[PDB]
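Undergrad: Experimental structure and sequence below.
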Amino acid sequence: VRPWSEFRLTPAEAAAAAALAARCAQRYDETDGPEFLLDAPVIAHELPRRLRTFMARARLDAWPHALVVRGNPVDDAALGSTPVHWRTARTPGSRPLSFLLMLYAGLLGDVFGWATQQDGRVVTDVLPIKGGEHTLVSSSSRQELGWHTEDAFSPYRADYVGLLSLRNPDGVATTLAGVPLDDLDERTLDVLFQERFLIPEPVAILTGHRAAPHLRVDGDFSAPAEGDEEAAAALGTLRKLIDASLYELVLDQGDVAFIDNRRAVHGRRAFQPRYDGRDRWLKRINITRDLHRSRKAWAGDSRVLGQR
Ligand SMILES: NC(=[NH2+])NCCC[C@@H](N)C(=O)O
Ligand SMILES: O=C(O)CCC(=O)C(=O)O
Ligand SMILES: [Fe+2]
(Lines give C-alpha, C1' and ligand atoms only; values in the text may rest on other atoms or scores of the structure.)
(Ligands and ions follow the chains in the order given, each with its own letter.)
Protein backbone atom coordinates (compact mmCIF):
# COMPACT_ATOMS: atom_id res chain seq x y z
CA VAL A 1 0.00 0.00 0.00
CA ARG A 2 0.90 3.71 0.02
CA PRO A 3 0.05 6.39 2.64
CA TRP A 4 -1.09 8.84 -0.08
CA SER A 5 -3.89 8.70 -2.66
CA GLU A 6 -2.63 8.53 -6.26
CA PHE A 7 -4.15 9.30 -9.67
CA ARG A 8 -2.48 8.94 -13.08
CA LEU A 9 -3.75 11.00 -16.00
CA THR A 10 -4.09 9.35 -19.39
CA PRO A 11 -2.23 11.20 -22.17
CA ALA A 12 -5.61 12.43 -23.48
CA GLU A 13 -6.75 13.70 -20.05
CA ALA A 14 -3.34 15.32 -19.49
CA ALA A 15 -3.51 17.00 -22.90
CA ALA A 16 -7.02 18.37 -22.23
CA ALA A 17 -6.00 19.75 -18.83
CA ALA A 18 -2.87 21.34 -20.36
CA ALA A 19 -5.00 22.79 -23.19
CA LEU A 20 -7.39 24.36 -20.66
CA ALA A 21 -4.44 25.85 -18.74
CA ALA A 22 -3.09 27.32 -22.01
CA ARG A 23 -6.47 28.97 -22.74
CA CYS A 24 -6.40 30.58 -19.29
CA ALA A 25 -2.83 31.80 -19.87
CA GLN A 26 -4.05 33.33 -23.15
CA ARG A 27 -7.09 35.11 -21.62
CA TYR A 28 -5.74 36.31 -18.25
CA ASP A 29 -2.66 38.44 -17.54
CA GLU A 30 -1.48 36.66 -14.37
CA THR A 31 -2.45 33.81 -12.01
CA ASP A 32 -2.54 36.15 -9.00
CA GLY A 33 -4.79 38.79 -10.59
CA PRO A 34 -8.19 39.40 -8.95
CA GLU A 35 -9.95 38.13 -12.08
CA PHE A 36 -8.36 34.69 -12.43
CA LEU A 37 -8.40 34.20 -8.64
CA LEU A 38 -12.21 34.38 -8.70
CA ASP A 39 -12.78 32.51 -12.00
CA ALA A 40 -10.29 29.62 -11.65
CA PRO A 41 -12.49 27.49 -9.33
CA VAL A 42 -15.32 27.69 -11.91
CA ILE A 43 -13.00 27.17 -14.90
CA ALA A 44 -11.65 24.07 -13.09
CA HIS A 45 -15.09 22.46 -13.55
CA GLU A 46 -14.09 22.00 -17.23
CA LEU A 47 -11.17 19.71 -16.29
CA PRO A 48 -11.38 15.97 -17.18
CA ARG A 49 -14.27 14.34 -15.32
CA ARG A 50 -12.27 11.38 -13.97
CA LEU A 51 -9.81 13.85 -12.37
CA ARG A 52 -12.64 15.90 -10.83
CA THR A 53 -14.15 12.70 -9.42
CA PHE A 54 -10.76 11.73 -7.91
CA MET A 55 -10.28 15.14 -6.29
CA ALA A 56 -13.84 15.28 -4.90
CA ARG A 57 -13.70 11.71 -3.48
CA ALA A 58 -10.08 11.51 -2.31
CA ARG A 59 -10.41 14.76 -0.31
CA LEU A 60 -13.15 13.07 1.76
CA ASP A 61 -11.20 9.87 2.55
CA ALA A 62 -9.93 9.81 6.14
CA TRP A 63 -6.49 8.24 5.58
CA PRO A 64 -4.24 9.85 2.93
CA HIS A 65 -1.38 12.26 3.75
CA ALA A 66 -1.54 13.75 0.25
CA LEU A 67 -3.34 13.66 -3.11
CA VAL A 68 -0.89 12.95 -5.92
CA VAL A 69 -1.58 13.51 -9.64
CA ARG A 70 0.93 12.00 -12.11
CA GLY A 71 1.43 12.45 -15.85
CA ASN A 72 1.24 16.13 -16.79
CA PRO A 73 3.51 16.68 -19.81
CA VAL A 74 6.34 19.20 -19.45
CA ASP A 75 8.66 20.13 -22.33
CA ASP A 76 12.10 21.16 -21.01
CA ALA A 77 12.82 23.09 -24.23
CA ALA A 78 9.58 25.09 -23.98
CA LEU A 79 10.01 25.46 -20.20
CA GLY A 80 13.50 27.00 -20.42
CA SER A 81 16.25 27.17 -17.80
CA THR A 82 15.53 27.03 -14.07
CA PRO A 83 15.60 30.60 -12.70
CA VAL A 84 18.42 31.67 -10.34
CA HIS A 85 16.01 33.38 -7.89
CA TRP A 86 12.23 33.34 -7.24
CA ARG A 87 11.96 37.05 -8.22
CA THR A 88 12.58 36.31 -11.90
CA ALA A 89 10.89 32.85 -11.82
CA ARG A 90 7.64 33.70 -13.62
CA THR A 91 9.07 32.73 -16.98
CA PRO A 92 6.84 32.41 -20.07
CA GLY A 93 7.76 28.71 -20.29
CA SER A 94 6.48 28.04 -16.74
CA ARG A 95 3.38 30.24 -17.15
CA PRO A 96 0.92 27.61 -18.46
CA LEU A 97 1.94 25.20 -15.67
CA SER A 98 1.35 27.89 -13.02
CA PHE A 99 -2.17 28.31 -14.41
CA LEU A 100 -2.56 24.49 -14.36
CA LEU A 101 -1.58 24.25 -10.68
CA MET A 102 -4.12 26.94 -9.71
CA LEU A 103 -6.86 25.14 -11.67
CA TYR A 104 -6.15 21.86 -9.84
CA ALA A 105 -5.94 23.80 -6.57
CA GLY A 106 -9.41 25.31 -7.20
CA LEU A 107 -10.95 21.84 -6.96
CA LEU A 108 -9.69 21.60 -3.34
CA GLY A 109 -10.37 25.08 -1.93
CA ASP A 110 -9.47 28.77 -1.71
CA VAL A 111 -5.95 29.82 -2.70
CA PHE A 112 -3.93 32.48 -0.87
CA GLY A 113 -0.47 33.90 -0.21
CA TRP A 114 1.49 35.76 2.48
CA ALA A 115 2.66 39.39 2.23
CA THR A 116 5.96 38.41 3.89
CA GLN A 117 6.67 35.51 1.48
CA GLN A 118 7.93 35.99 -2.09
CA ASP A 119 6.34 39.45 -2.47
CA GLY A 120 2.83 38.25 -1.58
CA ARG A 121 2.62 35.88 -4.55
CA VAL A 122 0.00 33.09 -4.58
CA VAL A 123 1.83 30.80 -7.01
CA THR A 124 5.32 30.72 -5.49
CA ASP A 125 8.59 29.01 -6.49
CA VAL A 126 10.76 26.30 -4.96
CA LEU A 127 14.28 26.26 -6.43
CA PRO A 128 17.88 26.23 -5.16
CA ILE A 129 19.35 29.72 -4.66
CA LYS A 130 23.15 29.98 -4.84
CA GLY A 131 24.61 31.00 -1.49
CA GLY A 132 21.52 29.79 0.40
CA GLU A 133 22.26 26.04 0.43
CA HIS A 134 22.29 25.74 4.23
CA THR A 135 19.18 27.78 5.13
CA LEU A 136 15.85 26.70 6.64
CA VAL A 137 13.79 27.78 3.61
CA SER A 138 12.59 25.96 0.50
CA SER A 139 15.44 27.49 -1.55
CA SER A 140 17.95 25.35 0.40
CA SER A 141 19.65 22.25 -1.05
CA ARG A 142 22.77 20.78 0.59
CA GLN A 143 21.04 20.98 3.98
CA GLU A 144 17.91 18.81 4.24
CA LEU A 145 14.73 20.84 4.67
CA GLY A 146 13.52 19.43 7.99
CA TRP A 147 9.94 18.22 8.42
CA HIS A 148 7.26 20.76 9.35
CA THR A 149 3.66 21.87 9.23
CA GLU A 150 3.55 24.72 6.70
CA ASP A 151 3.34 28.06 8.55
CA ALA A 152 2.95 26.30 11.90
CA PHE A 153 3.31 29.66 13.69
CA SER A 154 0.00 30.94 12.28
CA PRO A 155 -3.66 29.93 12.79
CA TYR A 156 -4.22 31.00 9.14
CA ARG A 157 -1.96 28.28 7.74
CA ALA A 158 -3.07 26.28 4.70
CA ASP A 159 -5.12 23.08 4.81
CA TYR A 160 -3.35 21.89 1.66
CA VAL A 161 0.07 22.68 0.20
CA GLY A 162 0.26 22.05 -3.56
CA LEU A 163 3.54 21.21 -5.30
CA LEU A 164 3.91 20.86 -9.07
CA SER A 165 7.30 19.55 -10.23
CA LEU A 166 8.47 21.49 -13.30
CA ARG A 167 11.68 19.50 -13.27
CA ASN A 168 13.48 17.06 -10.98
CA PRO A 169 16.06 15.22 -13.13
CA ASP A 170 17.91 13.65 -10.19
CA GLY A 171 14.73 12.45 -8.43
CA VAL A 172 15.17 14.40 -5.19
CA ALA A 173 12.58 13.15 -2.67
CA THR A 174 9.97 15.18 -0.81
CA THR A 175 9.61 13.81 2.74
CA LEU A 176 6.34 13.13 4.58
CA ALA A 177 5.13 11.82 7.94
CA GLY A 178 1.72 11.52 9.58
CA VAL A 179 0.86 11.51 13.27
CA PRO A 180 2.69 8.46 14.71
CA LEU A 181 -0.52 7.15 16.29
CA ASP A 182 0.71 3.52 16.35
CA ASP A 183 3.45 4.45 18.88
CA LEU A 184 2.26 7.49 20.90
CA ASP A 185 1.14 6.47 24.40
CA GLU A 186 -1.96 8.11 25.88
CA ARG A 187 -0.12 10.23 28.47
CA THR A 188 2.18 11.71 25.81
CA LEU A 189 -0.88 12.09 23.58
CA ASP A 190 -2.74 13.95 26.38
CA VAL A 191 0.17 16.37 26.84
CA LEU A 192 0.48 17.02 23.07
CA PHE A 193 -3.22 18.02 23.08
CA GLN A 194 -2.60 20.69 25.76
CA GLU A 195 -1.57 24.29 25.08
CA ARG A 196 2.01 23.87 26.30
CA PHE A 197 4.19 24.46 23.22
CA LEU A 198 5.77 27.38 21.36
CA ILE A 199 5.87 27.75 17.56
CA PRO A 200 4.33 33.90 21.34
CA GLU A 201 1.47 32.48 23.44
CA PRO A 202 1.45 28.71 24.15
CA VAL A 203 -0.45 26.44 21.73
CA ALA A 204 -1.18 22.73 21.22
CA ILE A 205 0.56 20.37 18.80
CA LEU A 206 -2.41 17.98 18.42
CA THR A 207 -6.07 18.96 18.00
CA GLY A 208 -9.42 17.31 17.25
CA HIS A 209 -10.13 13.56 17.31
CA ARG A 210 -7.81 11.47 19.47
CA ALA A 211 -8.13 8.50 17.09
CA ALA A 212 -7.18 10.81 14.17
CA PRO A 213 -5.52 14.02 15.43
CA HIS A 214 -4.59 17.06 13.37
CA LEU A 215 -0.98 18.18 13.62
CA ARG A 216 0.80 21.50 14.17
CA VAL A 217 4.56 21.17 14.60
CA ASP A 218 7.91 22.28 13.19
CA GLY A 219 10.99 20.08 13.63
CA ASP A 220 13.31 23.08 13.92
CA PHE A 221 11.10 25.83 15.41
CA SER A 222 8.89 23.96 17.93
CA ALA A 223 9.73 24.25 21.64
CA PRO A 224 8.12 23.49 25.00
CA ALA A 225 6.69 26.33 27.09
CA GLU A 226 9.48 27.72 29.28
CA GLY A 227 10.37 25.23 32.05
CA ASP A 228 7.67 22.71 31.09
CA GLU A 229 9.61 19.42 31.23
CA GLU A 230 6.55 17.19 30.65
CA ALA A 231 5.69 19.14 27.48
CA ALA A 232 9.36 18.92 26.54
CA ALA A 233 9.46 15.11 26.91
CA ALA A 234 6.29 14.74 24.82
CA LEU A 235 7.83 16.86 22.03
CA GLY A 236 11.11 14.94 22.28
CA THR A 237 9.22 11.66 21.89
CA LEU A 238 7.24 13.07 18.95
CA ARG A 239 10.46 14.15 17.19
CA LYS A 240 11.99 10.68 17.41
CA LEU A 241 8.74 8.99 16.31
CA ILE A 242 8.31 11.37 13.34
CA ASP A 243 12.01 10.98 12.43
CA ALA A 244 11.60 7.18 12.39
CA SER A 245 8.36 7.04 10.33
CA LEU A 246 9.43 9.72 7.79
CA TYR A 247 9.06 8.37 4.23
CA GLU A 248 9.83 9.56 0.69
CA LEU A 249 7.72 10.86 -2.20
CA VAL A 250 9.52 11.64 -5.46
CA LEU A 251 7.73 14.24 -7.59
CA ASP A 252 8.99 13.59 -11.11
CA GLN A 253 8.58 16.17 -13.87
CA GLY A 254 4.83 16.75 -14.25
CA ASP A 255 3.76 15.30 -10.89
CA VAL A 256 1.49 17.34 -8.61
CA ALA A 257 1.03 16.67 -4.89
CA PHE A 258 -1.48 18.26 -2.55
CA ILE A 259 -0.15 17.60 0.94
CA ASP A 260 -2.69 17.51 3.76
CA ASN A 261 -1.20 20.13 6.10
CA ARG A 262 -3.34 18.96 9.05
CA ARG A 263 -2.58 15.21 8.76
CA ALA A 264 1.07 15.34 7.75
CA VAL A 265 4.33 17.23 8.08
CA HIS A 266 6.70 17.45 5.11
CA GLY A 267 10.21 18.39 4.04
CA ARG A 268 12.80 17.73 1.35
CA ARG A 269 15.94 15.59 1.32
CA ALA A 270 19.37 17.16 1.06
CA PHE A 271 20.68 17.32 -2.51
CA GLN A 272 23.68 18.72 -4.37
CA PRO A 273 22.50 21.66 -6.48
CA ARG A 274 23.65 21.85 -10.11
CA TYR A 275 23.41 25.62 -10.86
CA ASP A 276 23.70 24.77 -14.58
CA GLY A 277 20.17 25.79 -15.62
CA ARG A 278 18.45 22.42 -15.02
CA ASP A 279 18.07 22.45 -11.21
CA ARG A 280 15.01 20.97 -9.53
CA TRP A 281 12.13 23.44 -9.69
CA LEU A 282 8.58 23.33 -8.29
CA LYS A 283 5.64 25.72 -8.38
CA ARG A 284 3.81 25.97 -5.06
CA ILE A 285 0.48 27.17 -3.65
CA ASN A 286 -1.31 27.44 -0.29
CA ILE A 287 -4.94 26.29 -0.12
CA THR A 288 -7.54 26.62 2.64
CA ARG A 289 -10.98 25.02 2.80
CA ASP A 290 -12.25 28.36 4.16
CA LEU A 291 -10.71 31.75 3.34
CA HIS A 292 -12.92 33.49 5.95
CA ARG A 293 -11.03 31.70 8.75
CA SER A 294 -8.18 34.18 8.13
CA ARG A 295 -10.26 37.38 7.67
CA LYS A 296 -8.14 39.06 10.40
CA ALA A 297 -5.04 38.83 8.21
CA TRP A 298 -6.76 40.10 5.03
CA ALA A 299 -4.60 43.02 3.84
CA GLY A 300 -7.62 44.52 2.09
CA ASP A 301 -9.54 43.13 -0.88
CA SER A 302 -6.56 40.95 -1.93
CA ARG A 303 -5.84 37.27 -1.23
CA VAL A 304 -2.59 38.12 0.61
CA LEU A 305 -2.34 37.63 4.39
CA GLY A 306 -0.60 40.12 6.71
CA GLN A 307 -1.09 40.23 10.50
CA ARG A 308 0.96 42.09 13.12
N1 LIG B 1 12.75 24.66 7.86
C2 LIG B 1 11.72 24.47 8.71
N3 LIG B 1 11.78 23.43 9.55
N4 LIG B 1 10.65 25.27 8.74
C5 LIG B 1 10.46 26.43 7.87
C6 LIG B 1 10.03 26.00 6.48
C7 LIG B 1 9.78 27.20 5.56
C8 LIG B 1 9.29 26.74 4.19
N9 LIG B 1 7.83 26.40 4.25
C10 LIG B 1 9.54 27.81 3.16
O11 LIG B 1 10.68 28.12 2.85
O12 LIG B 1 8.61 28.40 2.60
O1 LIG C 1 11.03 20.85 -2.02
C2 LIG C 1 10.05 20.21 -1.56
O3 LIG C 1 9.63 19.16 -2.11
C4 LIG C 1 9.38 20.73 -0.31
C5 LIG C 1 9.20 22.25 -0.38
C6 LIG C 1 8.58 22.83 0.87
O7 LIG C 1 8.61 22.22 1.94
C8 LIG C 1 7.93 24.14 0.80
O9 LIG C 1 8.15 24.90 -0.16
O10 LIG C 1 7.17 24.47 1.73
FE1 LIG D 1 6.85 23.23 3.39
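TA: Looks like it came in fine. Numbering: from 1, shown residues only. Ligands and ions are numbered 1, 2, ... in the order given.
Undergrad: element containing the residue of the chain most remote from its centre?
TA: Distance to the chain centre peaks in the chain at residue 227, reaching 33.1 Å (criterion: CA atoms, centre = their mean). Residue 227 is part of no helix or strand when elements are defined by DSSP states H and E.
Undergrad: Distance-wise, check it relative to residue 240.
TA: Distance, residue 227 to residue 240, using CB to CB, to the nearest Å: 22 Å. To be clear about C-beta, it is placed using only N, CA and C from the backbone, and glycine gets the same treatment.
Undergrad: Get me the contact residues on the protein for ligand 1.
TA: By the rule CB under 6 Å from any ligand atom, the part of the chain lying against ligand 1 is 136-138, 145-146, 148, 150, 218-221.
Undergrad: Find the residue at the geometric middle of the chain.
TA: So for the chain, CA atoms, centre = their mean, it's residue 161, sitting 2.4 Å from the centre.
Undergrad: Contacts only, for that residue.
TA: 150, 258-259, 261, 266, 284-287 (CB atoms under 8 Å, 6 or more residues apart in numbering).
Undergrad: and residue 43, what is it in contact with?
TA: 20, 24, 103, 106.
Undergrad: ok, 6 Å please
TA: For residue 43, no residue meets the contact criterion (CB atoms under 6 Å, 6 or more residues apart in numbering).
Undergrad: tell me which element it falls in.
TA: helix 34-43.
Undergrad: which non-adjacent residue is nearest residue 290?
TA: Of all residues not flanking residue 290 in the chain, residue 110 sits nearest, at 6.9 Å (CB to CB, 6 or more residues apart in numbering).
Undergrad: Just grab the bridge partners of that neighbour for me.
TA: residue 288 (DSSP bridges).
Undergrad: Now do the closest residue to residue 120 other than its chain neighbours: how many residues are near it, please.
TA: Once flanking residues are discounted, residue 120 sits nearest to residue 304: 4.1 Å by CB to CB, 6+ apart. Residues lying near residue 304 (other CB atoms under 10 Å) number 20.
Undergrad: And residue 304, how far from ligand 1?
TA: 15 Å (CB to the nearest ligand atom, to the nearest Å).
Undergrad: That residue pairs with what?
TA: residue 113.
Undergrad: who's in contact with stretch 108-116?
TA: 105, 120-122, 160, 258, 285-289, 291, 303-306.
Undergrad: I meant stretch 67-84, not that one.
TA: 4-9, 14, 58, 89, 91, 93, 127, 253-258, 277, 279, 281.
Undergrad: List buried residues within the residues you listed.
TA: The neighbour-count test (16 or more other CB atoms under 10 Å) marks 4-7, 9, 14, 58, 89, 91, 127, 253-258, 279, 281 as buried among the contacts of stretch 67-84.
Undergrad: Name the residue of the stretch 151-300 of the chain that lies nearest to ligand 1.
TA: Closest approach of the stretch 151-300 of the chain to ligand 1 (CB to the nearest ligand atom) occurs at residue 220, with a separation of 3.8 Å.
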